[PDB]
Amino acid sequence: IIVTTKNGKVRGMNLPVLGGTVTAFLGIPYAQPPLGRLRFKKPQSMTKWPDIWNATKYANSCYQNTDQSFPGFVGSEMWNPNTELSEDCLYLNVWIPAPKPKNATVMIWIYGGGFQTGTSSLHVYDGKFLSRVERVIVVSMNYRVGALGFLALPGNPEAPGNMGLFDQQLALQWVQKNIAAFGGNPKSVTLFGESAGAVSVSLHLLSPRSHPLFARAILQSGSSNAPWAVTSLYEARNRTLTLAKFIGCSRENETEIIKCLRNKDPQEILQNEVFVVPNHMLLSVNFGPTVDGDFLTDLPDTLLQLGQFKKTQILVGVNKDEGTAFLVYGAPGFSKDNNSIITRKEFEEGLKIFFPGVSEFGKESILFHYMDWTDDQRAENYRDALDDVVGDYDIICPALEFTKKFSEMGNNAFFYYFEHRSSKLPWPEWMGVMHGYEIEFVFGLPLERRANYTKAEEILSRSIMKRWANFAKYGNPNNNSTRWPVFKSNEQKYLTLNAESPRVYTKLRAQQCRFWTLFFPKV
């Protein structure tokens, strides 16, 4: 099962997948480990090995703080790393169908986690079913997160910033130089990711040196024009100097502030990593993408206006209840153990968490347009509205504006609206169709009948996998099934995804997105 790469031979394995076989290569090194003097630096090219590399096991996950908000709760711990943590984490995984193809489409997955957490070895990112059913090749890599991946000093090569984004770009280059040996076409590469991974995919669309590294893009619950996606260059410097203060590496020679951090323990860096931002949450990307002038030369909104992006097809979409997962981690009155009926005082305190710098009249504008504009006097009125406030502002409306921008320029786009709640979802009912729970349907986990999903969930997962692979192969997700129309700038049609009957509507959340883009900036 041995495949020869440009750096050496790799040894894989055969997996029983749905009455067939999928060949897996887990842990192929694609970059020199960023240890010692290489910490905070851009990734270096991988060295050559003369032997056989046993890529038969998930490699290490990058250092990251783990979620401990709900101890022993499977709904939150399923996202925590499931391999040993280590700075030596730059590895990728490949899934090849059986029998071996000759020019298969390659889909490369980029995980999320607010640019502070995440690994490619999670069970919900297992790409064996996708390669088995749709006969594509699936690739996924680990990239540095947190300060170890996004510590930024402007123009300083010791810590230039966006290093985790360069980790992804180097893994993309590995697929160009090597995927033909495994049976994949380097000209049919589609990037797909969720949340911060969707921000990463949409940042490769705005980085010219990544354009020749892929063909198409899929954005799941995220886009680089979201308010939490990118910080300014001076903002990232403020946060590096803040981390140095807490950890005790504050110097007036900047280039030697990095030599001090390079001698701190990674666990020590993670502990002071949280004090950098005024309030640590999921959307408080303390060390994430910045306008570094190298990987990213301008704010994503500016680049979209100037048409400075890869002209190609994109497949974007969001989930029905995007904000609930974020409210349970910070907003007062929200709990996973009760229905979270919040009061008006708790609503206004939730706005203060997710809108830290806006005035009291600005909060009164959000409150009027989401509550007092309608007669909704139900007991869940404030709870559901705060879900829509965070969902529209941070995920849904930015993703719709990104899709609109690709459409104005004349590129074909396809927008979805995921509406299905997993029967195995461990979170309570009030959270609904949560952020991050379309991924198991994209990766075909309900196809294992021993996983005890409903029969309709296996059908829905096969439908979503089919549309995802069709878009990667032919640039169009579409036959006698319900046709998925092209998102045009004028009509703005989208397709809902659910286990009953997919439907086509127009102008998703139009009234709310018009408030965030046309009126709220003026208050």
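All residue numbers refer to positions in the sequence shown, first residue = 1.
The deposited sequence places 1 to 3 unmodelled residues between residue 478 and residue 479. Looking at mean Cα B-factors across 313-321 and 332-340, the upper value is held by 332-340. Across the two stretches, 444-452 and 187-195, the PDB entry reports the greater mean Cα temperature factor for 444-452. Of the residues listed, 217, 110, 165, 274, the entry assigns the biggest Cα temperature factor to 274.
Of the candidates 404, 245, 435, 144, it is 245 whose Cα B-factor is highest according to the PDB record.
Per the deposited record, the Cα B-factor of residue 56 falls in the highest third when ranked against the other modelled residues of its chain. Residue 493 sits in the lowest third of its chain by CA B factor, as recorded in the PDB entry. Per the deposited record, the Cα B-factor of residue 14 falls in the highest third when ranked against the other modelled residues of its chain. Ranked within its chain, residue 426 lands in the lowest third, by CA B factor from the PDB record.
In the deposited entry, the Cα temperature factor of residue 463 places it in the lowest third of its chain's modelled residues.
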